[PDB]
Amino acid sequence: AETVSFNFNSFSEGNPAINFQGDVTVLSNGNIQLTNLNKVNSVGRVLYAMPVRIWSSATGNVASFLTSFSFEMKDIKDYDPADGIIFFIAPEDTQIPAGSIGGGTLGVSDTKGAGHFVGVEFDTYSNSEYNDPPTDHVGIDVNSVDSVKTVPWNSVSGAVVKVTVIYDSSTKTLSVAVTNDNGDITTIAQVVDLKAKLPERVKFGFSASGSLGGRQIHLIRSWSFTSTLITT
């Protein structure tokens, strides 16, 4: 069958395999820093350049994928740690929304919180305008930052977090596993019909954002991905 798979142990600006959008910047240690600590309403996104085919309109089949990545979020002096990082899937021509206000939109939606994407968010600030839970959380988003489902989580400054995501095409189930710093794990699952929400070709990536007063360090340390679409 059709299989797309890669593995980044460190990133490097200049690699044609990765699209850099917004305030993204590659540190000299291989980490990807998504936002700019000095800019207002900063929004940075990194995408895997090669578009992936998650479903064929010919066979009707949808792809199954396995992906895991590690990130870090650290507080900075005199700024509210906001708003988070989001692993998303969007049309192959996706771009930071025009006139993006950063903040609660996480760099993937308009002001209303709407957008054309699907993804797992690690939200560290509660936005009432988007019906955010009263605590840090992990949520499954489907064309909106108004999560379909969320689970309480805790973001620890300077802590490296590992995430594993499995998407089963048969059950159309997206299940996430978050391994916090102290060993504890957080999981959240949701049935999402990728074929009905996204186009045949999509791009996977990360996105982070901030506001005027909400800012923090968003880092992607590593990321491996494998998808398999049955072509028959």
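If you superpose the two forms and keep the largest set of C-alpha atoms that fall within 1.5 Å, you have the rigid core. The first residue of the sequence shown is number 1, and the count goes up from there.
Chemist: Fit on the core, then compare CA atoms: does 101-109 or 77-85 lie farther from this form in 9 other deposited structures of this protein?
Modeler: Looking at 77-85 and 101-109 in 9 other deposited structures of this protein, the bigger mover is 101-109.
Chemist: Quick check: by Cα RMS after rigid core superposition, does 92-100 or 113-121 differ more from this form in 9 other deposited structures of this protein?
Modeler: If we average over structures and residues in 9 other deposited structures of this protein, the farther stretch is 92-100.
Chemist: Out of 201-209 and 54-62, which stretch has the higher average CA B-factor listed in the record?
Modeler: Looking at the recorded C-alpha B-factors, 54-62 comes out higher on average.
Chemist: Given the B-factors recorded for C-alpha atoms, which segment has the greater mean, 113-121 or 95-103?
Modeler: Mean CA B-factor is higher for 95-103.
Chemist: Among 41, 67, 169, 179, where is the Cα temperature factor highest, going by the PDB entry?
Modeler: Out of 41, 67, 169, 179, the record gives the largest C-alpha B-factor to 41.
Chemist: Maximum C-alpha temperature factor per the entry, among 144, 135, 157, 150, belongs to which one?
Modeler: The record points to 135.
Chemist: Could you look up the Cα B-factor of residue 29 in the entry and say which third of the chain it sits in: lowest, middle or highest?
Modeler: Within its chain, residue 29 is a highest-third residue by C-alpha B-factor, going by the deposited values.
Chemist: How does residue 194 rank on Cα B-factor within its chain, lowest, middle or highest third?
Modeler: Answer is highest: the recorded C-alpha B-factor places it there.
Chemist: Thinking about Cα B factors across the chain, which third does residue 72 belong to?
Modeler: As the PDB entry reports it, the C-alpha B-factor of residue 72 lands in the lowest third of its chain.
Chemist: Classify residue 47 as lowest, middle or highest third according to the C-alpha B-factor given in the PDB entry, relative to its own chain.
Modeler: Its C-alpha B-factor belongs to the lowest third of this chain's values.
Chemist: Just say lowest, middle or highest third for the CA B-factor of residue 165 relative to the other modelled residues in its chain.
Modeler: Middle third of the chain for residue 165's C-alpha B-factor.
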